[PDB]
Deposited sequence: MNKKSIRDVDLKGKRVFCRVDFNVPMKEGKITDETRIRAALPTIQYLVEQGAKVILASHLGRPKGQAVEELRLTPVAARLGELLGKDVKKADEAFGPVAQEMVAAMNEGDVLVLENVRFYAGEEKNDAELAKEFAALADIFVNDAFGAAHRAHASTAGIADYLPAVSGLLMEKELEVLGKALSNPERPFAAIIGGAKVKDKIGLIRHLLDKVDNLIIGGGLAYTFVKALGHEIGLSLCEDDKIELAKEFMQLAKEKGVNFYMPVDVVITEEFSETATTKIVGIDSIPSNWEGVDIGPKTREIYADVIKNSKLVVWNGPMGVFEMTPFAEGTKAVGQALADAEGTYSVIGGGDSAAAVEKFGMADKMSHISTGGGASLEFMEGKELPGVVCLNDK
């Protein structure tokens, strides 16, 4: 894969429909980072003298104009950050959007209304896609995190216009694309979180790619059970036991080094003030539950991370917002930070939340903001908002 970006096209004077992620948590805006993330792209376009027309979702209006999910305050904040009079349209298509576009000069920025106000957005209605296209000369997709769904502003519009990546999307495709096609090696994936179900596709696909597979989080206790170890009260998806067995068999047959917990932090009651102890993985008491990877396992996982040249991390080692269950996730973050020979890729939202929380985000090589998109990409899916981009 090799997609054109805004670096590869003549933009001066062009109306650019630029799909961004301004889905900020809200009364007023309470986290700004998504708007900041978008700045290099917007600025690059402004410097080239493009007419920058920004489209984003915000919250869940489910196909009608809800008044508290308008993009008006996001446009106000963007204006502050750019030091520019950013204009904002209360419709994202039709005559009002059209006229505000007609009124633009080169280097102007116009934020269109929340694309999710319109039922046809989620349905990828062709007529709405054509209406969005009527506003522009070129489609720039800078919202990797929205690109896994076929929506009018993420994919449909590319039926009518040329289509290229923005700066965030370009980097996401460079890093994740290389990880699937020609990773540095050894290549480890760390797969965690609470549920096997959520990570089935990723486990399956990355067992064809990695040298090392490391599991943790509540997901791992299904694997522990599948080996015939006792798991007490730990989370287990009984209908995924046989899948887990087959995954371990695939790893063995392929010579993938398969790392699961060798020791576990256990408790009788999940809570922020929980009483815990550490036990070996074949010694989980019948009335306790596994809640984190133990220190022996943290040491092993750190060694594997330090000896892997590419590590993709999707999912924590425990419910790390709970103080007593955070150390395994902290240790994995620290090992990635400490590993001077390792390209660290944070592949999902909860792993991203963890590295921000524990202070090492700055030291990660790439933190994906694709969310459900980054997972789908790493499962080897064709993302509608990526496929539609024009080939270099």
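Only residue range 27-28 of the deposited sequence, counted from 1, carries no C-alpha coordinates in the model.
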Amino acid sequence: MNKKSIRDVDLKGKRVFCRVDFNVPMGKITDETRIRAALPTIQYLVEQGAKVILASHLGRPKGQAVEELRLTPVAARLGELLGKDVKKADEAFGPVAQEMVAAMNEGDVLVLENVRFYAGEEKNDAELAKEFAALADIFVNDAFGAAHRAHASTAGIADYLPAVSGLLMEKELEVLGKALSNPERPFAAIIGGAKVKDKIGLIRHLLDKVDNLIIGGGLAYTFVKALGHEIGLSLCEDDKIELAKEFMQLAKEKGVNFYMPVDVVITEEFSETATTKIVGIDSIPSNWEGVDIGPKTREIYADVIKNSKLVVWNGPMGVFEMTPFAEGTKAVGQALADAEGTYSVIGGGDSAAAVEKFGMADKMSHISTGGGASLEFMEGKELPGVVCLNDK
From here on, numbers count along this sequence of modelled residues.
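Stretches compared: 49-57, 359-367. Higher mean C-alpha B-factor in the entry: 49-57.
Of the two stretches examined, 280-288 and 70-78, the record assigns the greater average C-alpha temperature factor to 70-78. Note on 346, 37, 354, 335: the highest value goes to 37, judged by CA B factor as recorded. Of the candidates 322, 191, 86, 167, the one whose C-alpha carries the top B factor in the deposited record is 86. When the CA B factors of the chain's modelled residues are split into thirds, the value for residue 124 lands in the highest one.
Per the PDB record, residue ranking by Cα B-factor puts residue 118 in the highest third of the chain. Residue-level temperature factors show residue 258 in the lowest third of its chain, judged at the C-alpha atom. Sorting the modelled residues of the chain by their CA temperature factor places residue 130 in the highest third. Residue 377: CA B factor in the lowest third of modelled residues in this chain (values from the PDB entry).
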